[PDB]
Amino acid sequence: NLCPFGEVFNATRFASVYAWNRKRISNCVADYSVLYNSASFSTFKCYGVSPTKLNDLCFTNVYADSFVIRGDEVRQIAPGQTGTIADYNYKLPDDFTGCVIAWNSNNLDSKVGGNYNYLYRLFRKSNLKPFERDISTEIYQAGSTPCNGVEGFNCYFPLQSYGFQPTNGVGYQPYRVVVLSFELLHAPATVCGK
């Protein structure tokens, strides 16, 4: 049967980028041509593979990661990028093999009074390794005094809200991102394009 890409692209609610969702796709037939021409996409970039070649290839597993960031940050969802999102929220490896797809979601994820439910990790001591997910909410220590779980001076909550309002400039508007990763192990393949 068909691979459930629509459950990812057509999901009514998306995850915050710090707690990005991952859908493991296996043992199915994938129709990529219909998937990529469904909705209009503002960002469509593939790395290491052509999007028209996927209908010929087989992979052990395909991962569909999805989250929401703002417009000025879509450029960070790419191999070799740095920044608050790429370092502390969602990191792609330098040899990333897959496609990054994004579209404007101002109508869905912005509110008149501001939608503060979408968060991102603002403070972290070290960078994330590729495909790492950190959902910790421990108080960040920015000084020499330990925080002991109490916010204060040099003691910050690590997450920060976006606050999406539909009249903001496109750089501040929310964008839903879907990252397709194509893993090729020395195991029998389960996802072939057709």
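Start at 1 with the first residue shown and count on from there.
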item	value
Between the two ranges 153 to 161 and 27 to 35, the one averaging a larger CA B factor in the entry	27 to 35
Between the two ranges 109 to 117 and 70 to 78, the one averaging a larger CA B factor in the entry	109 to 117
Most elevated Cα B-factor in the entry, residues 44, 140, 59, 131	59
Residue with highest C-alpha B-factor in the PDB entry, from 144, 167, 55, 126	55
Chain thirds of CA B-factor: placement of residue 181	middle
Residue 15 - which third its CA temperature factor falls in, relative to the rest of the chain	middle
